[PDB]
Amino acid sequence: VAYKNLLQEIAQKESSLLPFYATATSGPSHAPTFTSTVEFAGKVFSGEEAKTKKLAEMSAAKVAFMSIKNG
Numbered sequence: 081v082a083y084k085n086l087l088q089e090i091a092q093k094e095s096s097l098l099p100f101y102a103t104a105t106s107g108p109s110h111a112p113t114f115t116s117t118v119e120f121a122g123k124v125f126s127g128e129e130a131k132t133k134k135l136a137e138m139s140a141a142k143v144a145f146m147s148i149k150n151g
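The deposited numbering applies: residue 81 is where the sequence shown begins, and numbers increase by one.
This is how it looks when you write it as structure tokens:
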């Protein structure tokens, strides 16, 4: 599955702005790192630092999903 799809579903139903994914690149040429951050419902959830985009994006959707649960 892909919590990404569900996140979009609620966006329309809730009437919220369709979530948007973003990634940033920064760090030493020897020790690079990327952080994926998602924005929705007028809120921004920061993911977990990692040396990969796959994990970064996952961390963002992971924390976001957990937060959406509490409301």
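In this text, a Cβ means the ideal position worked out from N, Cα and C, and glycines have one as well.
- When the five nearest sequence neighbours on each side are left out, the beta carbons in the same chain lying within less than 6 Å of the beta carbon of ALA130 are those of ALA136, in order along the chain.
- Beta-bridge partners assigned by DSSP to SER126: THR117.
- With contacts defined as CB atoms closer than 8 Å, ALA102 and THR117 qualify as a contacting pair.
- Cβ atoms of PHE120 and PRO99 come within 8 Å of each other, at about 4 Å.
- Proximity to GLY107 across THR132, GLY151 and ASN150 peaks at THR132, based on C-alpha coordinates.
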